[PDB]
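Student:
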Amino acid sequence: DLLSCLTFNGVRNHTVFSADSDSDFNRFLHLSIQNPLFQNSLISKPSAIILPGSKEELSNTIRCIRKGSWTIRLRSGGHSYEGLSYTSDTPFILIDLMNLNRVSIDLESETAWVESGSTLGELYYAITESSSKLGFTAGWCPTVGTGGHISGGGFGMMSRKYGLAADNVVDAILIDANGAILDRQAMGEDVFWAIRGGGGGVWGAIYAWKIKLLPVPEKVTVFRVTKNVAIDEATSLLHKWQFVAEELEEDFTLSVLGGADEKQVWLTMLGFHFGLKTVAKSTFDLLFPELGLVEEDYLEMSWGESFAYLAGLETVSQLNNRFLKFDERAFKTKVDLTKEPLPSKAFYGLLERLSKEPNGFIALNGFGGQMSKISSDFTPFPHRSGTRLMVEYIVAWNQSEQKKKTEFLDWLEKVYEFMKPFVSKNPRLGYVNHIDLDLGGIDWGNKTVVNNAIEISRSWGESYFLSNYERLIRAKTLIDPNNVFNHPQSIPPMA
Ligand SMILES: *Cc1cc2c(nc3c(=O)[nH]c(=O)nc-3n2C[C@H](O)[C@H](O)[C@H](O)COP(=O)(O)OP(=O)(O)OC[C@H]2O[C@@H](n3cnc4c(N)ncnc43)[C@H](O)[C@@H]2O)c(*)c1C
Ligand SMILES: *[C@@H]1O[C@H](CO)[C@@H](O[C@@H]2O[C@H](CO)[C@@H](O[C@@H]3O[C@H](CO)[C@@H](O)[C@H](O)[C@@H]3O)[C@H](O)[C@H]2NC(C)=O)[C@H](O)[C@H]1NC(C)=O
Ligand SMILES: COc1cc2c(cc1O)-c1cc3ccc(OC)c(O)c3c[n+]1CC2
Ligand SMILES: *[C@@H]1O[C@H](CO)[C@@H](O)[C@H](O)[C@H]1NC(C)=O
Ligand SMILES: [Mg+2]
């Protein structure tokens, strides 16, 4: 019946569930699973997979699915930390957007239309190919899809200069629950606001984003330097880093990846300057001489090269490979946002815990700069002025380490508990692109829960969106009153 509808409407690229271990269905299913944690045979599988090739096919796909009794799941890059683009407790249809990966750059207006199956790397590659003086602000991981990423905000190495990816979206095409094809004018300002950070899988299916391309110099300066130190020095480095990072002028970003193993601590310093190396080094010589950076650490390169380099890719060309395996490990991650400086003992304790679990690592970013100049309600991401750091805790493992899964998860849980007193409180803040089901979830098939959905959902909702939660609920009711687009943490419509 679903197939007959799709055929009648000219949607041809689909595959039904097959039990065949290496069926084509299984190949398409796994192609974009980016967290192996959700790859095993015990996980829910789609009844069919549809690959629309145009906005019309996407529209008609949704229209057909509604005639039936299916849960819709949209997948762009498949990076959901909780696998929410390709799992469901109820029978579901997976709409995989990988064929919608066209990027159209308009050099006369310095904007681009980006189909939502496009990855960040594909976007960055397209931009660098078109111009040596344009770039875009989005995340660090190249295989992340624009569909989920921009829908949730999108923070990266240029966010201190230009804000989130979603802060630079000027139009969009949203396909709603009825298959309507809506641009910014059609969807209205509340819905256009909601889609720019309100979370993927909630408002409808984004077909394409229209973004403003942003100036970059023909040469930027970057460094990627790993310090191998002991805990005393690592603690003093991280404690000073937090001040340097938040306080740097907007033309600079200094971020950290860190981990340890008994007495050996490693800190990878990621630096970016919107300009030349003499200025870059003068700045860090003054503000952070403790890093011990030397001239040879500073590299001048194009913006495109810088984004490939900072992510550890071999070449700019690799940005354009959506199936390049960036990190093939099962993982779980949590995040904190901070409002007060972290005391030295917080870093010391975090490092002690990392030293006991070599499979764990942290990623540290400063806010400030343009992130403090954008109002908390400009887009749904509310963590602007007053927010000092974003701190990510990750534990990751390969298949040969699977028996330690429980131990790994316990470690992460204990790290998050340790950090509680030092980070944001009342509520403990989060980021919707860093979706965390530990906060809870709605079973939309449960009547008593659904009756109280707004209050229940406030637990994660206010963590992700603070005071923007209310407007999100109103936008949800306007664009998806029947809740066609739902998941355990989707914004509830009013009854
Ligand atoms: C795996 C991974 C994730 C990263 C990485 N680095 C990040 C960074 O530097 N900055 C960030 O801000 N975020 C980083 N993240 C997290 C990602 O930002 C999030 O995981 C994104 O949400 C992922 O988006 P995508 O890859 O498209 O993942 P999906 O699982 O397909 O979708 C997520 C979510 O959104 C819905 N959705 C997808 N596509 C659409 C469209 N077109 N319209 C509406 N909704 C859509 C899905 O159904 C799901 O709910 C680094 C790494 C390695
Ligand atoms: C539905 O969509 C999928 C995914 O795009 C289509 O599969 C893709 O088909 C193209 C050909 O049109 C493949 O391109 C070629 O692959 C071969 C190697 O296998 C190579 O010789 C060519 O140079 C080119 O790379 C592509 O590999 C393939 N992608 C995947 C993930 O399978 C499929 O054709 C569509 N199905 C229908 C019925 O339209
Ligand atoms: C499971 O695999 C991975 C998972 C993640 C990351 C890296 C991985 O390898 C990661 C690394 C980051 C490094 C730097 C950075 O800003 C400078 C980030 O925002 C990062 C975000 N993330 C998101 C989670
Ligand atoms: C609905 O949810 C409540 C609270 O989570 C749970 O206790 C109850 O068992 C559920 N009811 C049904 C009918 O599943
Ligand atoms: Mg077989």
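Mapping of the sequence shown onto the deposited numbering: position 274 corresponds to residue 299, and the numbering continues sequentially without gaps.
A virtual CB, placed ideally from N, CA and C, is assigned to each residue, including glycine.
When you compare only the Cα positions, how much space is there between residue 248 and residue 330?
Tutor: Taking the sequence shown and counting its residues from 1, one reaches residue 248 at position 223. Taking the sequence shown and counting its residues from 1, one reaches residue 330 at position 305. If you take the alpha carbons of residue 248 and residue 330, they lie about 12 Å apart.
Student: Going by beta-carbon coordinates alone, are residue 284 and residue 173 separated by less than 9 Å?
Tutor: If you number the sequence shown from 1, residue 284 lands on position 259. If you number the sequence shown from 1, residue 173 lands on position 148. It is not a contact, given that the beta carbons lie outside the stated cut-off.
Student: With a CB to CB cut of under 6 Å and the five nearest residues on each side skipped, what residues in its chain are close to residue 372?
Tutor: The residue labelled residue 372 in the question sits at position 347 within the sequence shown. Around residue 372: 260, 263, 264.
Student: On the CB-based measure, 16 or more other CB atoms within 10 Å of its CB, does residue 519 come out buried or exposed?
Tutor: For the purposes of this step, residue 519 is taken as the residue at position 494 of the sequence shown. Residue 519 is exposed by the Cβ-count criterion.
Student: Can you tell me whether residue 455 is buried or exposed, with buried defined as 16 or more other CB within 10 angstroms of its CB?
Tutor: Position 430 of the sequence shown, counting from 1, holds the residue named residue 455. Residue 455 is buried by the Cβ-count criterion.
Student: Where do the N-terminal and C-terminal ends of the beta strand (DSSP E) with residue 244 fall, by residue?
Tutor: Here the question's residue 244 lines up with position 219 in the sequence shown. Neither: residue 244 is in no beta strand (DSSP E) and is coded neither H nor E.
Student: Using a Cβ-Cβ cutoff of less than 6 Å, which residues in the same chain neighbour residue 170 once the five nearest sequence positions on both sides are dropped?
Tutor: One-based indexing of the sequence shown puts residue 170 at position 145. Excluding residues within five positions, the ones whose Cβ falls inside 6 Å are 101, 102, 144.
Student: Near residue 302, what residues of its chain come up, given a Cβ to Cβ distance below 6 Å and the 5 sequence neighbours on each side ignored?
Tutor: As a first step, residue 302 must be located in the sequence shown, where it is residue number 277. Taken in chain order, the residues that qualify are 246, 323, 325.
Student: Around the C-beta of residue 99, are 16 or more other C-beta atoms found within 10 angstroms, so that it is buried, or is it exposed?
Tutor: Walking along the sequence shown from the start, residue 99 turns up at place 74. With 16 or more other Cβ atoms within 10 Å, it is buried.
Student: Among all residues, which have a Cβ less than 7 Å from at least one non-hydrogen atom of ligand 5, and in what chain order do they fall?
Tutor: Those residues are 45, 46, 47, 48, given in chain order.
Student: Name the DSSP bridge partner or partners of residue 389?
Tutor: Counting from 1 along the sequence shown, the entry for residue 389 is found at position 364. DSSP, once it has assigned bridges, lists 281, 416 as partnering residue 389.
Student: Counting C-beta neighbours from all protein chains within 10 Å, is the total for residue 407 16 or more, i.e. buried, or is it exposed?
Tutor: Here residue 407 refers to the residue found at position 382 when the sequence shown is read from its first residue. Classification for residue 407: buried.
Student: Taking one C-beta from the region 469-481 and one from the region 38-58 each time, how about it: are there three or more such pairs within less than 8 Å?
Tutor: No: fewer than three Cβ pairs fall under 8 Å.
Student: What residue does the beta strand (DSSP E) around residue 131 start on, and which one ends it?
Tutor: Counted from its first residue, the sequence shown places residue 131 at position 106. Here the beta strand (DSSP E) through residue 131 covers 128-131.
Student: Does the separation of the CB atoms of residue 73 and residue 132 fall below 9 Å?
Tutor: For the purposes of this step, residue 73 is identified with residue 48 of the sequence shown, where counting begins at 1. For the purposes of this step, residue 132 is identified with residue 107 of the sequence shown, where counting begins at 1. No, the Cβ-Cβ distance between residue 73 and residue 132 is not below 9 Å.
Student: Cα separation between residue 500 and residue 219?
Tutor: Translated into the one-based positions of the sequence shown, residue 500 becomes position 475. Translated into the one-based positions of the sequence shown, residue 219 becomes position 194. Using only the alpha carbons, I get a separation of about 7 Å.
Student: Does at least one heavy atom of ligand 1 sit under 8 Å from the Cβ of residue 105?
Tutor: Against the sequence shown, residue 105 aligns to sequence position 80. Checking every heavy atom of ligand 1 against the Cβ of residue 105, one is found closer than 8 Å.
Student: Using the Cα positions of residue 379 and residue 266, report the straight-line distance between them to the nearest angstrom.
Tutor: Residue mapping note: residue 379 aligns to position 354 of the sequence shown, counting from 1. Residue mapping note: residue 266 aligns to position 241 of the sequence shown, counting from 1. The alpha-carbon atoms of residue 379 and residue 266 are separated by roughly 18 Å.
Student: Let's see if you can read the secondary structure: which residues bound the beta strand (DSSP E) around residue 485?
Tutor: The count along the sequence shown starts at 1 and reaches residue 485 at position 460. It is not in any beta strand (DSSP E) - residue 485 instead sits in the alpha helix (DSSP H) that spans 478-490.
Student: Could you pull the start and end residues of the alpha helix (DSSP H) that residue 172 belongs to?
Tutor: The residue labelled residue 172 in the question sits at position 147 within the sequence shown. Segment 171-176, the alpha helix (DSSP H) holding residue 172.
Student: On the criterion of 16 or more Cβ atoms from any shown chain inside 10 Å, does residue 482 qualify as buried, or is it exposed?
Tutor: In the sequence shown, residue 482 corresponds to position 457, counting from 1. Label assigned to residue 482: buried.
Student: According to the neighbour-count rule (16 or more other Cβ atoms, all chains shown, within 10 Å of its Cβ), is residue 55 buried or exposed?
Tutor: Locating residue 55 in the sequence shown gives position 30, where the first residue counts as 1. Burial call: exposed.
Student: Using only alpha-carbon positions, find the residue among 517, 484, 451, 486 that is nearest to residue 476.
Tutor: By one-based count along the sequence shown, residue 476 stands at place 451. When only C-alpha atoms are compared, the closest one is 517.
Student: Do you know whose CA, among 222, 117, 121, lies nearest residue 458's CA?
Tutor: For the purposes of this step, residue 458 is taken as residue 433 along the sequence shown, with counting starting at 1. Selected option, being the one with the closest Cα: 222.
Student: Is residue 52 a contact residue of ligand 2, with contact defined as CB to any heavy atom under 8 Å?
Tutor: Indexing the sequence shown from 1 puts residue 52 at position 27. Residue 52 Cβ: within cutoff of ligand 2.
Student: Roughly how far, in whole angstroms, is the beta-carbon of residue 315 from the beta-carbon of residue 186, given that I think they are within contact range, below 8 Å?
Tutor: Reading the sequence shown from its first residue, position 290 is the one you call residue 315. Reading the sequence shown from its first residue, position 161 is the one you call residue 186. At roughly 25 Å, the Cβ-Cβ gap does not stay under 8 Å, so residue 315 and residue 186 are not in contact.
Student: Throw me the rounded Cβ distance for the residue 234 and residue 175 pair, which I believe falls under 8 Å.
Tutor: Taking the first residue of the sequence shown as 1, we reach residue 234 at position 209. Taking the first residue of the sequence shown as 1, we reach residue 175 at position 150. Confirmed, Cβ separation roughly 6 Å.
Student: Note down the Cα distance separating residue 286 from residue 416, rounded to an integer number of angstroms.
Tutor: Here residue 286 is taken as the residue at index 261 of the sequence shown, counted from 1. Here residue 416 is taken as the residue at index 391 of the sequence shown, counted from 1. Cα-Cα distance, rounded: 20 Å.
Student: At a cut of 8 Å, does the region 288-296 reach the region 424-436 through at least three beta carbon pairs?
Tutor: Taking 8 Å as the limit for Cβ pairs, the verdict is that the region 424-436 does not touch the region 288-296.
Student: Check whether the region 441-452 and the region 224-239 are in contact - that is, three or more C-beta pairs closer than 8 Å.
Tutor: Taking 8 Å as the limit for Cβ pairs, the verdict is that the region 224-239 does not touch the region 441-452.
Student: Which same chain residues end up closer than 6 Å to residue 448 when comparing Cβ atoms and leaving out the 5 residues on each side of it in sequence?
Tutor: Translated into the one-based positions of the sequence shown, residue 448 becomes position 423. These residues qualify, in order along the chain: 361, 363.
Student: Grab me the residues of residue 336's own chain with a C-beta within less than 6 Å of its C-beta, minus the 5 sequence neighbours each way, in chain order.
Tutor: The count along the sequence shown starts at 1 and reaches residue 336 at position 311. The answer, listed in chain order, is 165, 167.
Student: Does DSSP put residue 123 in a helix, a strand or coil?
Tutor: Taking the first residue of the sequence shown as 1, we reach residue 123 at position 98. Residue 123 falls in the coil class under three-state DSSP.
Student: Buried or exposed: which applies to residue 348, given that a residue is buried once 16 or more other Cβ atoms fall within 10 Å of its Cβ?
Tutor: In the sequence shown, the residue the question calls residue 348 occupies position 323. The residue in question, residue 348, is exposed, as its Cβ has fewer than 16 Cβ neighbours within 10 Å.
Student: Which stretch, first to last residue, makes up the beta strand (DSSP E) that contains residue 267?
Tutor: Here residue 267 corresponds to residue number 242 of the sequence shown, with the count starting at 1. It is not in any beta strand (DSSP E) - residue 267 instead sits in the alpha helix (DSSP H) that spans 256-272.
Student: If contacts are defined as beta-carbon pairs under 8 Å, then residue 414 and residue 321 qualify, I think. What distance do you get, rounded to the angstrom?
Tutor: Counting from one through the sequence shown, the residue named residue 414 turns up at place 389. Counting from one through the sequence shown, the residue named residue 321 turns up at place 296. That belief does not hold up - the Cβ atoms of residue 414 and residue 321 are roughly 29 Å apart, past 8 Å.
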